[PDB]
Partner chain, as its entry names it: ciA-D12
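Just the one chain here, the form deposited without its partner chain, laid out as structure tokens.
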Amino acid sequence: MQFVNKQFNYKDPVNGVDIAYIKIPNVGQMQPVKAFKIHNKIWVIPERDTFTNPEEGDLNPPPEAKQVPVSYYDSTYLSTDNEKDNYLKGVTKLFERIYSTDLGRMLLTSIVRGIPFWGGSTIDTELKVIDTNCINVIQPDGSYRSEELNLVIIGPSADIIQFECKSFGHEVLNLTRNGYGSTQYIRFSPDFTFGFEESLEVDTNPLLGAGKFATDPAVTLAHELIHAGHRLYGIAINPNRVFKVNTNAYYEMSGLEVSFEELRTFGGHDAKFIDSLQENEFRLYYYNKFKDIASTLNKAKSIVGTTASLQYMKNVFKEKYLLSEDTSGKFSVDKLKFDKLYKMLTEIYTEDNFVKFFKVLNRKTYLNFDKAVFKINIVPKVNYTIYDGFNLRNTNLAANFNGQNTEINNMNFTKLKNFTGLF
């Protein structure tokens, strides 16, 4: 009943297996960073992300060329061992909170099985891994060994509250949109959270409200992991497929468009802004991509590496993509099974559904306005638990989401910056 079987301490000695110094592949040149394998295929790097983007290596603000008023900078955050220890325990606690629900158990299972496809070969007859879906692990003897992985949680770059999904691209293949998948780096912090307003009219108005209620960071992480699920299955929607927000006078007075991928990931009523014709266009597109993967696996007659047999890897991708196998070992895609897997990843795994499972208060739509950012500490169980988040059972915080009420539960939240009015 435990997703993370070891309670890591940041200062635990390296062992070259699940506590190790690692380099992420072909990223110019970097110094190895201490990393922690918290589950099969999932690693945590308690560092500010100065690696995945060469354009983002400085931790203090740009020349405000692209200064979003919804932003927060602190060059010193996550620079000390105590902070990295607390980041690691916070992230592991949120994974346990997610895994404690049926929906999060299902989502994390999909993610672990969502191994990025072995589509690196130039010969149709051979199956080969794609380099950028691995990390390099320093072994006890000081040499590097390459390890495939699906997901890395890393600390944010310069902008602390811009949680972004980063994955390494291909020269020709669009790995997050062609059914293949790729290793996903999520910038994320458990040490901050956002305020929202409990009345829809106030929450969706840019001039009103200070952010009375705090978002549960388990919801925020689950939201990022939903994107990671889409991207690991290669079914993310192109970010320039957008909704011209015509349902909010403030959104449209500015030129505000919101990606279909975000509306999908929130779910509930937001996903209805993706119209039936284009939704079907997407499902057919991804259905064809899975067939191309079935064609590639059929055409494969050799393996590369000594890490697995050919039809071991064939069975790995038969299980990931839920392919049918005929009496001749030829793979095909069954529409019923495809529609079911696609729907699980896109309609069942949503922010709105996670809200139901956690029984928290949350924004009612993605089409709102940020209110505030708070400093928090979820590591102590007197503050936050796996089973209750902030709304601790058998206290004054159990009822009416009083734990998320930053006015009632004020010692758990320090307001760092207001956003209302800045729009």
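Numbering follows the first chain given and starts at 1. Residues that one form lacks are left out of the comparison. By rigid core we mean the largest C-alpha set that fits within 1.5 Å across both forms.
The following text describes the form solved in complex with its partner chain, which does not appear among the structures shown.
None of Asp85, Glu126, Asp74, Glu96 but one reaches within 4.5 angstroms of its partner chain in the bound PDB entry through a heavy atom, and that residue is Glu96. In the bound PDB entry, its partner chain lies farther than 4.5 Å from every heavy atom of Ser157. In the bound PDB entry, its partner chain stays beyond 4.5 Å of every heavy atom belonging to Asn377. Not displayed here, its partner chain is kept clear of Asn9 by more than 4.5 Å at the level of heavy atoms in the bound PDB entry. Its partner chain in the bound PDB entry is approached by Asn410, whose closest heavy atom lies within 4.5 angstroms of it.
Superposed on the rigid core, the two forms differ between the shown form and the other one by 2 Å or more at the C-alpha of one listed residue only; from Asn240, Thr122, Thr306, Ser276 that residue is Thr306.
Remark: with the core as the superposition reference, the CA shift of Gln67 between the shown form and the other one reaches 2 Å or more. Pairwise change in the bound PDB entry: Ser167 and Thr307 C-alpha atoms lie farther apart than in the shown form, at least 3 Å. Listed in sequence order, the runs of at least 3 residues with C-alpha movement of 2 Å or more between the shown form and the other one, after fitting the core, are 62-67, 305-307.
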